[PDB]
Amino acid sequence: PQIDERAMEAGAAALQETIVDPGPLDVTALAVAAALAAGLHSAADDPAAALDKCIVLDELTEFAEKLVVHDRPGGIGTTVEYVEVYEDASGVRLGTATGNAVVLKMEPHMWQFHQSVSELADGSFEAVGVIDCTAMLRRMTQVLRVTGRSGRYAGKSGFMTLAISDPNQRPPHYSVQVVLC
């Protein structure tokens, strides 16, 4: 399968940015968010307690295995179809996510609506979000809504973080975290 050059070279694009402004969110923080949103946490509870109530997928990497862009003039409504693979820190494949995106806006920041279904050994979950692709190029983290569907994830919901993690790779790798409750 093929990967559009814009995805292959996205890491290189990041390296040309003059704004290099990381702002990660750790999984404990993401678990507090997930538990608060699920009404299963109180902000006089302790963060490690939120983490204990959650299903946690961290120290995950993802990158594109297939990415096709269907361009429209001016870029508005351009569509993307992708399959990405999840790997652990050691490079072991854990699963895939199959999704599509729609370009909402190009300038000054490119924004995309993303929706995907992730399939791992122990179940599946959906991710949906409105993400600032220019902010990601400038190293920022973006957050998507996660809804569990099958297996271990069923009936649970939470959040996912996405950020570029190694811009020297082609295609680049992204750091991914998922917390559900």
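Note that residue numbering follows the sequence shown and begins at 1.
Enquirer: Comparing 77-85 with 90-98, which stretch shows the greater average C-alpha B-factor in the deposited entry?
Expert: Higher mean C-alpha B-factor in the PDB entry: 90-98.
Enquirer: Comparing 141-149 with 56-64, which has the greater mean CA B-factor as deposited?
Expert: Result: 56-64.
Enquirer: Which of these, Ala29, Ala44, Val128, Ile131, has its C-alpha atom at the highest B-factor, as the entry lists it?
Expert: Answer for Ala29, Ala44, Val128, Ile131: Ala44, with the highest C-alpha B-factor.
Enquirer: Between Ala49, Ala38, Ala135, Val117, where does the Cα B-factor run highest in the record?
Expert: In this record, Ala49 carries the highest C-alpha B-factor of the candidates.
Enquirer: Ordered by C-alpha B-factor within the chain, which third holds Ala7? Give me lowest, middle or highest, please.
Expert: Ranked within chain, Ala7 CA B lands in the middle tercile.
Enquirer: Sorting by Cα B-factor within the chain, modelled residues only, which third would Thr161 end up in: lowest, middle or highest?
Expert: CA B-factor rank for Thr161: lowest third.
Enquirer: Would you check the entry's CA temperature factor for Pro24 and let me know if it's in the chain's lowest, middle or highest third?
Expert: Its C-alpha B-factor belongs to the lowest third of this chain's values.
Enquirer: Quick one: classify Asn168 as lowest, middle or highest third of the chain based on its Cα B-factor.
Expert: Top third by C-alpha B-factor.
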